Every structure is written in C-alpha cells, then in structure tokens.
Amino acid sequence: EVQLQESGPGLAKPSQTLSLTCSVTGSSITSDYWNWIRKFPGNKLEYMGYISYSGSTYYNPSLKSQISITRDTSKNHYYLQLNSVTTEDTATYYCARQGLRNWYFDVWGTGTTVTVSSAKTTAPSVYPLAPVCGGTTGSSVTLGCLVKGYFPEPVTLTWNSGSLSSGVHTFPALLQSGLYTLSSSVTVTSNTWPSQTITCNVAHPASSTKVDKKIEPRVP
Amino acid sequence: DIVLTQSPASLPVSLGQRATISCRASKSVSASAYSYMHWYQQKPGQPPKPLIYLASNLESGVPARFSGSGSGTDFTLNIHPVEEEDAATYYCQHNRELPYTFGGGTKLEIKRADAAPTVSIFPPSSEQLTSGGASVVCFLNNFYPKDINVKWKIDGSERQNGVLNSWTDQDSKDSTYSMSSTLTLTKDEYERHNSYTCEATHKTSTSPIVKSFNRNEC
C-alpha cells in the first residue's frame with residue numbers, strides 16, 4: 001500500500017527559491033521512477049521531470065522554469081526546487097510514481113498549492129449572514145458566512161466544528177482588487193435556529209487567523 | 001514535443017447513457033506490441049486517478065463501465081453507463097517518449113432535469129458596517145442548467161459594477177449547481193438608498209425570481 005504526500009510553503013515571493021517535499025511510505029524510492037507534475041490555474045497539466053531508482057534525473061526541456069530534483073534515501077523522501085520563481089509558477093504540485101511493472105502514474109499524492117506573489121498577506125474579516133429582519137419564515141432557514149479581504153489562499157470553513165455537514169454549500173473564493181472573498185450557506189429546519197446556536201469556524205493559517213462567528217438573529 | 005488534442009472540451013451526458021471522449025496525438029505512440037496512451041480521472045479538490053493504462057487495460061478496482069481503445073494517433077475512452085459520481089474531468093497522457101504530455105482535459109457534466117434555484121438575500125452585517133463597507137449577498141442553491149443571470153437593483157436602478165458571482169462544482173449526488181452573488185458598496189452609499197433586490201433570470205422560469213428587503217423596514 002503505497003502513499004505519497006506533498007508538503008511545502010503556500011506562499012513564495014518572486015525571485016525566491018521554492019522547495020517542495022514528497023514523503024513516500026509503503027515502498028522504497030530505490031526501485032521505481034518518481035515524478036513531479038503541476039496543474040496551472042485553469043486545467044493545464046504539465047510534466048516536469050523525474051528522479052529514478054538509481055538517483056538519475058531528467059528535466060522537461062520545454063519548461064520555462066529552472067528546476068532541481070533530489071532525494072534522501074535515509075528518509076524515503078524526494079524534493080523539487082524551483083529557482084527564481086515567477087508569478088507563472090503559481091500552481092498545484094503533485095508527485096506520482098511510475099512503476100516498472102505498471103508504466104503509468106499509478107500512485108499520486110493529494111497535491112499542495114503554491115501562490116507566487118509579492119503582495120502582503122492579509123487576514124480575513126468574517127461576517128455573519130442572518131435572514132432579513134422580517135419575522136416570516138418557511139419550513140427551513142438558510143444562514144451564511146462571509147469571509148472577505150484575505151490573501152493568499154487557502155482558508156478552511158466548517159459549521160459547528162464540523163458537526164453540521166448536511167445542507168452546506170461552500171463557494172470557491174474569488175479575487176477582486178488583490179484580495180479573496182468566499183462565502184458558505186447552511187440550511188436547517190425552522191425550529192432548529194436560533195434556539196440552537198450555529199457558528200461558522202474560519203481559519204486562515206497564512207495570517208494566524210482563527211475565528212468563530214455565531215449567527216445572531218437580527219434586532220429591529 | 002508530442003501534442004495531445006482532446007475533444008470535446010466539455011461533454012454533457014444523461015444518466016445511464018454512454019460518454020465518448022477522444023484523444024489525438026501529433027505522432028503515433030504505438031511501438032510494436034503496445035500502445036502508450038493512458039487515461040485519468042480528477043474530481044474537484046482531488047488528485048487525478050488512473051482509469052485505463054496501455055490504451056485498453058483496466059486499472060484494478062475501476063468499475064467495468066470504463067473501457068478504452070485505439071492505436072497509433074487516435075484513442076477513445078468509453079463510460080457506459082455513466083453515473084452521478086462520474087461528474088469529473090478526464091485527461092489522456094502518453095508514454096511513448098520524453099517529455100510526457102497531457103491532453104487538455106474533458107469535463108463530464110451529468111445532464112440533469114431542469115431545476116429552479118432556492119433564492120435567499122442577506123443585508124450587510126453590523127460588524128461590516130462598523131468597518132465602513134456594506135456587502136449584500138444573494139444565494140441561489142440547487143439548480144440546473146449552470147448558466148443563470150443575476151441582476152442587482154438599488155432603488156430600482158440596475159447595478160453591475162462591484163458584483164462577485166461564484167459557482168460550486170457540479171454536485172456529485174444530485175447533479176445540481178449552486179452560486180453566490182455578492183454586491184459590495186461603501187457604507188455611505190448603502191445608507192442613501194432604501195430598496196435592494198437580486199433578480200434571477202433562469203431558463204427554468206418565464207419570469208425572474210425576486211428577493212428584496214428595505215433598509216428601514218424593521
């Protein structure tokens with residue numbers, strides 16, 4: 001049972017060096033081929049290169065970035081370094097194995113996303129979204145959570161510490177004038193809220209932000 | 001380098017039917033007894049997963065619904081019958097020579113019975129008004145097709161500047177979409193108007209769905 005797992009920084013500044021790590025378990029990196037792949041904002045997958053069971057490397061010559069691939073056999077890890085990154089290196093990075101008895105990217109990691117930008121990291125403001133103050137209500141109630149003005153991606157959002165998973169839609173973040181905004185909606189029955197408290201838990205690691213925002217009914 | 005051209009870029013298919021995705025290479029990838037053209041499936045938030053290797057061999061665990069064929073420069077991936085969880089993006093990839101290259105991808109949309117959205121509107125929070133801004137939010141949940149027009153009106157006057165619309169990926173269970181529409185203003189501009197309305201014109205209804213509130217009505 002082979003597993004791969006990428007890790008590395010989420011933000012890097014132009015002209016800096018970026019180093020990612022692929023941690024491998026369940027199989028030794030001295031017996032197969034070990035590759036790096038990235039997915040650009042959009043849908044374009046690009047092959048970058050590999051390091052082989054014997055430590056030999058190959059780099060895709062059509063790349064515009066300058067890369068280096070190395071390994072550590074005592075840890076069963078291998079690495080990808082990008083030299084002098086640019087904004088165009090913003091992407092999601094995957095590691096994947098190519099087997100001698102398979103001959104395809106038969107095992108993949110989950111991927112790690114990297115943003116290359118010189119903009120300063122900014123913490124989000126979390127706003128509750130409660131029903132318009134009129135008291136009429138149907139058979140259900142839809143609440144919301146607005147996370148505005150942060151950088152960079154990503155953020156994580158849960159409801160009631162994950163206990164509330166049904167009837168939840170979280171919308172992908174959008175960039176406007178340099179900062180991201182995303183929102184989430186949750187639907188419950190009429191008698192649940194407000195007698196039962198509902199809270200959106202927002203975390204933004206890049207700014208050390210962790211916020212719990214209770215949804216309070218509106219006062220006239 | 002070898003170029004892989006996928007077709008179509010987006011493919012809508014109804015449940016139970018079959019989907020046909022093609023992949024054409026600039027040069028042959030077949031050498032003697034083998035063909036080097038593999039297929040992968042990627043779901044939102046997930047990494048791509050291998051489906052078919054060496055043109056027509058099924059990966060272990062992949063349902064029998066998936067099949068592949070082809071040789072030389074033309075290849076095809078078949079899914080019969082398609083199911084809700086197949087909403088995804090599929091990629092072809094060749095192994096004949098270095099550098100390896102991928103196809104542009106094909107998004108598989110599960111055709112769905114036309115469904116109208118459930119619309120909710122939310123005025124700015126007092127916390128945001130403390131900051132000097134004011135965002136009005138409109139949620140449109142569980143509808144289909146994806147395309148849908150949202151129009152904001154301040155005191156009956158249309159407003160299109162300062163609007164952020166975000167769609168979710170196609171739901172893997174009910175095959176619906178949801179979208180969020182946010183209109184952001186300044187506090188002082190929000191306080192010199194009274195009526196705020198989001199109108200949703202969708203193919204599902206002749207007239208638009210309307211949700212509104214008045215600032216001073218509470």
# chains A, B, ... in the order shown; residues from 1 in each chain; ligands from 1
$ closest_atom_pairs --of "chain B" --to "chain A" --cutoff "6 Å" --atoms "only C-alpha atoms" --output "CSV"
residue,atom,partner,partner_atom,distance
B:47,CA,A:110,CA,5.3
B:99,CA,A:60,CA,5.7
B:168,CA,A:171,CA,5.5
B:218,CA,A:220,CA,4.7
$ select_by_dssp --residues "stretch 34-141 of chain B" --states "strand (DSSP E)" --output "PyMOL selection string"
chain B and resi 34-35+37-42+49-53+57-58+66-71+74-79+88-94+106-111+118-122+133-141
$ residues_around --residues "residue B:185" --least-positions-apart "4" --cutoff "7 Å" --atoms "only C-alpha atoms" --output "NGL selection string"
:B and (133-135 or 189-190)
$ residues_around --residues "residue B:142" --least-positions-apart "5" --cutoff "10 Å" --atoms "only C-alpha atoms" --output "PyMOL selection string"
(chain A and resi 169) or (chain B and resi 115-119+168+170-171+174-179)
$ atom_distance --atom1 "atom CA of residue B:7" --atom2 "atom CA of residue B:94"
15.8 Å
$ closest_residue --among "A:8, A:154, A:205, A:162" --to "residue A:179" --atoms "only C-alpha atoms"
A:154
$ residues_around --residues "residue B:16" --least-positions-apart "2" --cutoff "10 Å" --atoms "only C-alpha atoms" --output "PyMOL selection string"
chain B and resi 13-14+18-19+79-84+110
$ select_by_dssp --residues "stretch 2-208 of chain B" --states "alpha helix (DSSP H)" --output "list in words"
residues 126, 127, 128, 129, 130, 131, 187, 188, 189 and 190 of chain B
$ residues_around --residues "residue A:71" --least-positions-apart "5" --cutoff "10 Å" --atoms "only C-alpha atoms" --output "number ranges by chain"
A: 21-22, 29, 34, 51-52, 55, 76-80
$ atom_distance --atom1 "atom CA of residue B:31" --atom2 "atom CA of residue B:96"
7.8 Å
$ atom_distance --atom1 "atom CA of residue B:98" --atom2 "atom CA of residue B:32"
18.0 Å
$ residues_around --residues "stretch 128-132 of chain B" --least-positions-apart "6" --cutoff "8 Å" --atoms "only C-alpha atoms" --output "JSON, numbers by chain"
{"A": [127], "B": [186, 187, 188]}
